[PDB]
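Quick notes on the structure that follows.
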Amino acid sequence: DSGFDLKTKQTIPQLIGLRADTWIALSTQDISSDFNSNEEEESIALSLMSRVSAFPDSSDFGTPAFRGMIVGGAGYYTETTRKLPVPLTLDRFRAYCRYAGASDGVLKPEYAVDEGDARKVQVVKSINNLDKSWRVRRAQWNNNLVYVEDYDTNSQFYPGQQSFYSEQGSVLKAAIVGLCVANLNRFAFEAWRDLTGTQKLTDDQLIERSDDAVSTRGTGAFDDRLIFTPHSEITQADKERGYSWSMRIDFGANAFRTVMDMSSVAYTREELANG
Amino acid sequence: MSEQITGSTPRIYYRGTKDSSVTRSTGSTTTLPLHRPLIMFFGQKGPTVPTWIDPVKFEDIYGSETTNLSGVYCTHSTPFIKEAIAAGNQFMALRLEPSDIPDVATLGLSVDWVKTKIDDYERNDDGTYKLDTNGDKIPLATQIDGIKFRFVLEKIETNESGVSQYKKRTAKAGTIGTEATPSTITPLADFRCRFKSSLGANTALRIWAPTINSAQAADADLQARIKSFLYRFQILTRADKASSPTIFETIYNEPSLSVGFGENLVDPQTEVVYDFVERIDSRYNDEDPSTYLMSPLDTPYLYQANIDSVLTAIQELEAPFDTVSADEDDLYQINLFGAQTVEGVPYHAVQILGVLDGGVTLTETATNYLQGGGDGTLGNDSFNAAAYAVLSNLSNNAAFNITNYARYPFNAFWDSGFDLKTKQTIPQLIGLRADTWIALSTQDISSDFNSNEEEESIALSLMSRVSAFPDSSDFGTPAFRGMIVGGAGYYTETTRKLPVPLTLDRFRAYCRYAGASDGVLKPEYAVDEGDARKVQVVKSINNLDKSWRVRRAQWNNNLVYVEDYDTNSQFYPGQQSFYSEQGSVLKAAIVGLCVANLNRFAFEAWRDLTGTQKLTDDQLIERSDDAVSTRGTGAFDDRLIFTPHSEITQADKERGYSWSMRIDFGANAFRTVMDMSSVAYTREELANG
Numbered sequence: 415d416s417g418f419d420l421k422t423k424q425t426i427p428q429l430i431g432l433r434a435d436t437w438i439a440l441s442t443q444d445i446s447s448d449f450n451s452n453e454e455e456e457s458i459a460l461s462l463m464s465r466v467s468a469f470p471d472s473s474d475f476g477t478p479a480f481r482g483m484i485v486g487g488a489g490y491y492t493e494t495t496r497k498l499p500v501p502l503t504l505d506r507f508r509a510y511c512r513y514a515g516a517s518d519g520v521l522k523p524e525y526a527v528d529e530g531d532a533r534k535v536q537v538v539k540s541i542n543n544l545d546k547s548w549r550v551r552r553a554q555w556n557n558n559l560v561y562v563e564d565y566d567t568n569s570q571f572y573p574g575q576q577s578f579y580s581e582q583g584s585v586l587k588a589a590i591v592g593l594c595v596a597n598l599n600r601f602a603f604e605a606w607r608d609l610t611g612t613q614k615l616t617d618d619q620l621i622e623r624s625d626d627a628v629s630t631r632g633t634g635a636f637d638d639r640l641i642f643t644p645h646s647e648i649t650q651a652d653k654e655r656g657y658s659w660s661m662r663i664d665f666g667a668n669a670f671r672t673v674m675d676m677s678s679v680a681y682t683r684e685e686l687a688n689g
Numbered sequence: 001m002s003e004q005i006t007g008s009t010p011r012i013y014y015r016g017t018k019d020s021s022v023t024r025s026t027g028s029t030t031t032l033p034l035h036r037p038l039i040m041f042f043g044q045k046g047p048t049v050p051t052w053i054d055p056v057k058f059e060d061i062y063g064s065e066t067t068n069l070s071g072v073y074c075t076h077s078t079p080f081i082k083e084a085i086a087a088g089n090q091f092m093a094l095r096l097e098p099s100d101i102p103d104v105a106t107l108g109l110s111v112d113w114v115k116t117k118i119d120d121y122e123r124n125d126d127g128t129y130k131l132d133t134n135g136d137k138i139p140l141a142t143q144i145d146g147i148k149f150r151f152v153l154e155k156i157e158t159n160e161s162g163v164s165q166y167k168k169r170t171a172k173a174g175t176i177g178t179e180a181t182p183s184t185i186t187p188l189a190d191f192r193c194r195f196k197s198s199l200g201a202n203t204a205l206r207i208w209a210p211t212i213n214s215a216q217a218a219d220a221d222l223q224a225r226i227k228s229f230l231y232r233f234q235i236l237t238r239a240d241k242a243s244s245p246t247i248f249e250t251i252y253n254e255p256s257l258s259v260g261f262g263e264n265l266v267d268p269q270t271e272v273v274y275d276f277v278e279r280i281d282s283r284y285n286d287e288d289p290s291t292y293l294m295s296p297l298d299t300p301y302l303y304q305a306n307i308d309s310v311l312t313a314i315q316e317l318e319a320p321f322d323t324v325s326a327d328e329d330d331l332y333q334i335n336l337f338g339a340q341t342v343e344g345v346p347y348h349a350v351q352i353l354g355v356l357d358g359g360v361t362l363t364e365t366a367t368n369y370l371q372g373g374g375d376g377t378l379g380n381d382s383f384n385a386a387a388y389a390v391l392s393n394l395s396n397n398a399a400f401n402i403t404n405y406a407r408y409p410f411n412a413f414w415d416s417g418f419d420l421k422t423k424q425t426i427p428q429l430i431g432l433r434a435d436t437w438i439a440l441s442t443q444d445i446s447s448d449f450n451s452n453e454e455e456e457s458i459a460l461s462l463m464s465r466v467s468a469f470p471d472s473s474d475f476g477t478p479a480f481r482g483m484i485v486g487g488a489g490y491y492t493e494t495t496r497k498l499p500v501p502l503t504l505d506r507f508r509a510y511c512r513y514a515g516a517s518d519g520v521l522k523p524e525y526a527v528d529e530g531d532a533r534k535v536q537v538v539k540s541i542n543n544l545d546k547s548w549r550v551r552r553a554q555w556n557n558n559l560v561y562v563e564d565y566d567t568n569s570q571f572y573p574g575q576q577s578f579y580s581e582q583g584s585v586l587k588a589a590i591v592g593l594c595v596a597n598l599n600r601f602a603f604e605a606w607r608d609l610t611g612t613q614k615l616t617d618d619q620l621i622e623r624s625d626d627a628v629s630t631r632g633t634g635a636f637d638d639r640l641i642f643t644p645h646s647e648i649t650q651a652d653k654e655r656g657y658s659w660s661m662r663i664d665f666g667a668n669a670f671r672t673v674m675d676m677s678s679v680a681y682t683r684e685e686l687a688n689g
């Protein structure tokens, strides 16, 4: 979302309902209007979350959707002399283009979107509402928004880049894992496209070739964010039907720690030096 | 002398002799020293939010009149600002304003416009030299139908609700030629001051239309190449209502600009833009943090519809006439403020009413000043009021939240003599922030010097206030980040009699010691050794004849006080902090600032490590310690010895998203008492045996 009005913002979420290999980034800003206040940010966030809740990941079991994220904030584009407002989705878009856009389909370790100089804002300035209160920041975090903070007097950084998954699962808490899963869903389609409609196959060859395809395509591509494993077979319902086979992927991921403590104790110089 | 650089023709141009011009000084990249103070003050211009500043640029960010002790902006913190600038501390400025400050200065331009028959004058030749009965000849034609103008420059009036009409002026009935109603005032442009101060009331502007004969000769080739008449624009500023103006040059060191009416006046031969507002705003301003300068004028506004209508009217009238081009695009060539083309041929059928007729003469010598504005009510009383307004409302201020560690790197606050009501809102800084340090004073600079009993009473009250913000709310450790300094005197670095407290002297000492931009304490300025332990910027201190009981009581109550070194000078027998317990680790005051810096280093470690997908527990733990030790080692000049330890305790295992750090540090104290005794010996039994 590059800044569509709120009427158009509410027709985008249906992509992650109509397709199983799609990933959406939403913006809480309308570039044709004034920079929003904290209350308007919260209201638009709630409205977008309500819209998104209508497209569960699994309709059979009602898994909450997790492919995408919502980013709040706005500023001015730095790569031009003119005055041209933009939302922070532009900065995240540039980061992702550099990270996961290589023509050879393997993630670049040198552009990790949350390590080094990629975790700071780079193409936006004069961001707004940077004096959020603790309660406002806590509310946004609990509503699963992605927001920036001040790094130093000159710049900003992302304390944590999470997706709009609403549950307590720690597997689906990073936004990049959603893109990885979308790619897995694409690989499964490729396997089917290759194996469909062949006269002389046997069931064992079909089952073996599906797993071979998915594993060969996926292994070595995700820069160690995921670990996955496919399994193809022919269940009893497939035996009954006679023209279908099943595949099922098992995958796992991690999360990230975000809180630190601080304490001190005063010693005399001698007992601290030796004792 | 007069003609300007038009092109590449071989030539040497002489710009005459001139007197020296002030040159704006370039600044350097900002850093974090160990001493990072916040200073609130009244100013002439500049932003009204906290700003991290390198002292080289204070003069040209906040105007050079704010540091003048004899000016109107002097308050009880100007000495602090001057000392900071002298020592070279990158510090955080906060410009306050009085609660009754007026709005900005404004000036609108308009033309009184009418049509009527007028006279016509003789002509010597096609040059159309003759005018106004020059020579000996009466005007020739009986009556020539034409147009009458009368220019007006005046303040832009506000709405009845109290809102300016900066962009919302409208035409009205005129006054010249009232025999015909259509005499109308129509607006042409608006100008507004950028800041809220007397600088706007003293700012002035000039606009004129030159010809080939001017002191700044124009060129017809450029106007032919891009069809638009070029006007000269100039900005001036004066010191006070009685002084004389001085030209405010552009960032390229020029006295005036050439501008023109139209959409985009781009020159193909050189790619230069002659648009009015764009050119003015781009040439007179410079926002680069290292070379920073803002023009007193804001961005001009222009009434395109009305200017276009008047140009169209005059073109339709006289463009198809004897001595003016009739083409369509000549509309923007039409000379409006003058009455002639670039070559200097007068427009007959146009009459501009002069001064005696109630008009304004737009020439290079006329000057026009913005109307309105002001600074407000200045002085120590209003300064204290504003400071209290800011300090009391810290948890719900809509201007800025100062619990933001990353955005507001200040770590010290010195009491320069605020009144007792404002004094009691300062201690909460070391309650709201864990990397802050405060110095307090027992003297209200606007009152008479306190006596011994008043000193004691104020000290007790401040201690009681400080007792409400313990360092560790969990275990109730008493606060130790700061100190209280008692005494007052007079400032020595000026002829005027200007009382100041001794917090100023200790402020200068700390600035010199812990103010290096590379973040390392300077051993040659140790605040308690050599010549830095004497009073240097205060004289005629009071209550120097304290009795032994009074001195003992003050020491027990944890004040910092001075004594007589010799017949001429004073010194500090011991500079302790307001820690109220018996521990000898936290007895010195500089150690408190060292500990504040340690707390800052912890925040930096967190900021760098937070929120990473692919880290492990061991790497997180190791990197935290690496950061803290690498940052802090070798900077505290042997005042402290510290050691960090990160880990993931059982509570962290439960939570799954947190890790812990703990720093162990140790320090020393000082001796203050000596005994004395003697024994008498005979010369022999003393010399041998």
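Protein chains in written order, with the entry's author numbering: chain A, 415 to 689; chain L, 1 to 689.
Ideal Cβ placement from N, Cα and C applies to all residues, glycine included.
Residue of the options minimising C-alpha distance to residue i
i, options, result
"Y284(L)", "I648(L), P296(L), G379(L), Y274(L)", "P296(L)"
"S677(A)", "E684(L), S677(L), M661(L)", "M661(L)"
"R639(L)", "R607(L), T31(L), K587(L)", "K587(L)"
"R607(L)", "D618(L), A627(L), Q269(L)", "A627(L)"
"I621(L)", "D652(L), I144(L), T633(L), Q554(L)", "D652(L)"
"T184(L)", "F642(L), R206(L), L544(L), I147(L)", "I147(L)"
Residue span of the beta strand (DSSP E) that contains residue i, given as start and end
i, result
"residue 701(L)", "Shown here, chain L extends from 1 to 689; a query on residue 701(L) therefore has no answer."
"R95(L)", "91-96"
Buried/exposed call for residue i, threshold 16 Cβ in 10 Å
i, result
"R512(L)", "buried"
"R600(A)", "exposed"
"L356(L)", "exposed"
"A468(A)", "exposed"
"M40(L)", "buried"
"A687(A)", "exposed"
"residue 400(A)", "Coverage of chain A is limited to positions 415 through 689, which leaves residue 400(A) absent and any answer about it impossible."
Residue i - containing alpha helix (DSSP H), residue span
i, result
"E453(L)", "452-466"
"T66(L)", "Here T66(L) belongs to no alpha helix (DSSP H), and DSSP marks it neither H nor E."
Residue-chain proximity (residue i, chain A), Cβ-Cβ < 8 Å
i, result
"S110(L)", "no"
"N404(L)", "yes"
"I430(L)", "no"
"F665(L)", "yes"
"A589(L)", "no"
"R662(L)", "yes"
"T612(L)", "yes"
"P409(L)", "yes"
"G583(L)", "yes"
8 Å Cβ cutoff, residue i in contact with chain L
i, result
"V466(A)", "no"
"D564(A)", "yes"
"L686(A)", "yes"
Rounded C-alpha distance that separates residue i from residue j
i, j, result
"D435(A)", "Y405(L)", "41 Å"
"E65(L)", "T203(L)", "15 Å"
"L502(A)", "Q536(A)", "10 Å"
"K546(A)", "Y408(L)", "14 Å"
"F321(L)", "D126(L)", "14 Å"
"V350(L)", "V310(L)", "13 Å"
"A87(L)", "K241(L)", "34 Å"
"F670(L)", "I648(L)", "38 Å"
"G63(L)", "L378(L)", "16 Å"
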